[PDB]
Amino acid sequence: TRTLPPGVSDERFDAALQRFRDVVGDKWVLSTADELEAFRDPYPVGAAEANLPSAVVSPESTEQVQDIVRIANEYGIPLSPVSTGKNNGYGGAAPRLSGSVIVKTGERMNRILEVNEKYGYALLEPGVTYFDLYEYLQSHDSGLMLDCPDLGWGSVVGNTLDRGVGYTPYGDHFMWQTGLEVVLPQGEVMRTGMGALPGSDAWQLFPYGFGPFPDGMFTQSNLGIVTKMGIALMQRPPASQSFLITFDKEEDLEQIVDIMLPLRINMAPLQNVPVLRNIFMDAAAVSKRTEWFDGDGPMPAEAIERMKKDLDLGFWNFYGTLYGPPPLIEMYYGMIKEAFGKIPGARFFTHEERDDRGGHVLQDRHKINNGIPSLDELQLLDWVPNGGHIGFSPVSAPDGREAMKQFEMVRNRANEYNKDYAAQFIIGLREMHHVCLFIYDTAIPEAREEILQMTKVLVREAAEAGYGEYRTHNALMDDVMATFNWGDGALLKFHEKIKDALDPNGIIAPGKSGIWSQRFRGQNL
């Protein structure tokens, strides 16, 4: 049965499709069940089908984006913009509201508009992937490096717009975003910062421009369709060295985090964004669950021990990268060893010292931390059949007690619902993104359902403990936004007021981050 935009009839929809085809060309509007299967969430959550798109439109220019938007306003059709649509763990390309049209900006708006060697930046269309950018930089023998997330097939823009992260010193992607072009919800185009000044060369040089600074408002947001974005690029250092610290016990988490803080808060000796990964995360990247335990339930303790012993890893594995001339790297590594070697059982390895299977994550982090994109982490999804993940991503103080509490709260529900808890703490200067990846068999309805129910429980329980998520799945956006309800929902109300003013017809990605325009509020969508 045909997915349609809410309250839009089969023929009003057919009319709009034709209008879209006039803008973008026939090839670039998809609308059949078979074409649309590929734009469903690849890692579905919940037993019931959700997040169904009614069509995909692929514009080639900003002007085409403005025309699609205007058409959409005329018909009341919701539009859900994506760049490359690889937001897996959080919905993939699928819209929050069933029946919305995906605007897949990145299919043809994929140009590298500028890479400036002198000032260290790029101006990009949404379709540029980390692999694309890396190839450009290699080809031109650039002195610049990118900063990539774990999987390079996403979009430099797309990822920044969801405030995604990577692992070099430029790991906070939104922090390095400088300038954007956006189509607002009625079709007007606007440039932020110095791009609002006609003829300025400083769009990618000074982010703020003049007056109220809005670029943040277009991240985790449904206020427009972004068409161009700048990002600062770091200079490649002359030398780098990555390392692994293995820690034997579950219980070491607290001491690892407490030792780490003072070595990280000033960006030295911990220069890059360290990651702290549990054995579940690291074993799934190199092996199948059945290698260690056949059995539908929680993995017993001896099977955990064998994971550790066979891969020669700890329960907790700390990965970091140092940059600079070699004498600096040695001084900083020396400090890291001295500090973390206070933990009994800690062992250290550089990227030159492990060529075994357990060392494969280290080699992969060594690429990622040097801005070399990779797809090796896709192997996580082979942990179980028809493997999917969801990201439960609370923020934590860089405090060992708080990290242990979150770990324990999540582990306990993971056990109750029969899901493996793979953990990656992504360590900022003053906070950690505690990413909890739950790998599961996307073909079993009941696994899909337990995932949904488990993660709903974790959102509420984390909030009752004072913890919020940095980012979340379509399925949890309402639940997550409901937690940020200080002052009787003041934040949500503010966002709705802005949304309604910029988008009086309720066109752009309704429900993104729990923000619903007026015509959809109070409904069960």
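Each residue number is its position in the shown sequence, starting from 1.
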Handout entry: Per the entry, higher mean C-alpha B factor between 67-75 and 297-305
Key = 297-305
Handout entry: Between the two ranges 121-129 and 443-451, the one averaging a larger CA B factor in the entry
Key = 443-451
Exercise for the section: Return the residue from 286, 102, 225, 261 that has the highest Cα B-factor in the entry. Expected result: 286
Fill in the blank from the handout: Max C-alpha B-factor within the set 147, 356, 181, 215 falls on 356
Handout entry: residue 62 by Cα B-factor - lowest, middle or highest third of the modelled chain
Key = middle
Completion exercise
residue 338: C-alpha B-factor third of its chain, per the entry, is the highest
Handout entry: Position of residue 9 among the chain's modelled residues by C-alpha B-factor, lowest, middle or highest third
Key = highest
Exercise for the section: Quick one: classify residue 514 as lowest, middle or highest third of the chain based on its Cα B-factor. Expected result: lowest
Practice task
Pull the Cα B-factor of residue 332 out of the PDB entry and bin it into the chain's lowest, middle or highest third.
Solution key: middle
